[PDB]
């Protein structure tokens, strides 16, 4: 487990956007970020899907998170632009971006993976991720201390049979993070890094018993770390949660 304990006000005055916030790891990140003082912006397919996590953040005592609905599989460049303008309109600032959303697609050998499935996984996991980062980079580059975290996987770092487009999309994600990190270095106050969450007790991981994995809630040290002031200067890193 990554070793870091966050102060209850670690992220105060910071605005952080989380994609895939409805369930699983994204949901735990939205909650933990809100619990540590950050104003959180939640991305998901429908308001309905973000209602429970939002009710949780509100029950805990934080103001209604900003909810933005987007179909990552469909969303156009213009939609990401409109999303960024919403964050600008509300906050004038973005300090954090957690790229958590992605789909696995079929787990079949490449020879059997339909072309349309390969394309859709690449679009959701890579294209949408790029378009979202591009739209938000002006806002992040205004911040005094901003952080971008991409989610990867062991199969994004060493290719394994029957992971279809998922492993390939996670390689692409690492290459995107490394490219971005090299552009940000020194000349901006933005950092870019990847997080391998490892095995978690989520619907998504239950892929690959389940009792052997921690709750996503419990893999939050590295997530809190990258979004707060203690990771200033840490850039271009592929890190592990566990």
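Positions refer to the first chain, counted from 1.
Handout entry: residue 208 to residue 209: deposited residues without atomic coordinates
Key = Missing in between: 1 to 3 residues.
Handout entry: Between neighbours residue 207 and residue 206, residues that the deposited sequence lists but the model omits
Key = Unmodelled stretch: 1 to 3 residues, a short break.
Handout entry: 195-203 set against 33-41, stretch whose average Cα temperature factor tops the other in the entry
Key = Looking at the recorded C-alpha B-factors, 195-203 comes out higher on average.
Handout entry: Greater mean Cα temperature factor according to the PDB record, 68-76 or 156-164
Key = Taking the mean B-factor of the alpha carbons in each, 68-76 is higher.
Problem - Top Cα B factor in the deposited entry, candidates 170, 134, 89, 107 - result: When the deposited C-alpha B-factors of 170, 134, 89, 107 are compared, 89 is largest.
Practice task
Kindly indicate the residue among 217, 174, 55, 183 with the greatest C-alpha B-factor in the PDB record.
Solution key: In the PDB entry, the greatest C-alpha B-factor among 217, 174, 55, 183 is found at 217.
Problem - CA B-factor ranking of residue 27, expressed as a third of its chain - result: Its C-alpha B-factor belongs to the lowest third of this chain's values.
Exercise for the section: Check where residue 213 lands among this chain's C-alpha B-factors and tell me if it's the lowest, middle or highest third. Expected result: As the PDB entry reports it, the C-alpha B-factor of residue 213 lands in the middle third of its chain.
Problem - Where the record places residue 179 (Cα B-factor, split into thirds across the chain) - result: CA B-factor rank for residue 179: lowest third.
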